[PDB]
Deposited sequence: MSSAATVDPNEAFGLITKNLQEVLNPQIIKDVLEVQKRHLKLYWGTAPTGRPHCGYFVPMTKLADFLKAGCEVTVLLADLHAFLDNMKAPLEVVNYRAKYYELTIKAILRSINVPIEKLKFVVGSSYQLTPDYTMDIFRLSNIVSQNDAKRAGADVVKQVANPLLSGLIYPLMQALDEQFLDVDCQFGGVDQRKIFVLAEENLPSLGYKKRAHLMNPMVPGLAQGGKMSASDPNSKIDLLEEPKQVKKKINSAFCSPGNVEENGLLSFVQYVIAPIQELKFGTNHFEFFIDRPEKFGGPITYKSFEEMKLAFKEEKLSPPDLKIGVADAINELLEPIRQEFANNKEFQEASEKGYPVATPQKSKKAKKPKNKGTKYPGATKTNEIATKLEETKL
């Protein structure tokens, strides 16, 4: 149903650009929306990745044609974050990490498409379109567009300017109506909207998830050891009463709640905190806002919040950790992709 589908597609997002495009596809064209989410097989994925994964689940639930682009070439072009022979293994590592997360939160992944960027990004039609776009995008616009995505270094490389053009062309070459990513992709997303019509290609809608802030070593690896989860959580900034600058609270806000909501309805939020009897007994918060207000009113202390978040993160990571220990290909990709 085109209204229900639209509701599922846009829920929990910070920003939707060109919703009319999605609405036209669902209501006028009367077909399933084609979208993709792209990731550069760069460093090891962290707990921040849970946010896009919940959205992928919403998309599949809505009947969308969902593709994950393993942007291997992009990983090379971003300041050589992934080099030459290592990127292929990283692409696999990413593929299996993504599949483990989604399976860990009970999402059926049969209809999820995986495309490796180099499988079309080295064809003549694509190269020609790089040239065409490079003729339309200023040096200053390509630099600005990639500013919050491409690593900014003292002596910037030409690769950094090609990166955002290629991300825009991918929309066309993947044949989608829509691209999904974090709000940190906005500048590239807007570049795509402004420039693809100049090439003869249609404008695409854009879906953006909120970013889960750092904790400050300020992210948690998706295969982090329980004791390392303990340490990273402990060192996180946490002022009594401060809810505005609270990485742990925001983690619960943007990761725990949506994963729990993936049971169903905005009516399942149960956060257990194993509080020591000395400072009151254990407590289970039944809504996020209640948990938020508990902290602001200084009823929930920072150390108590740390206990609850570490236990919940450890809960989430367990099945991903277990899939890693059971899968040798996953283990091989880890070893060869990160020497």
What ranges of the deposited sequence, counted from 1, have no C-alpha atoms in this structure? 1-7, 224-233, 357-394
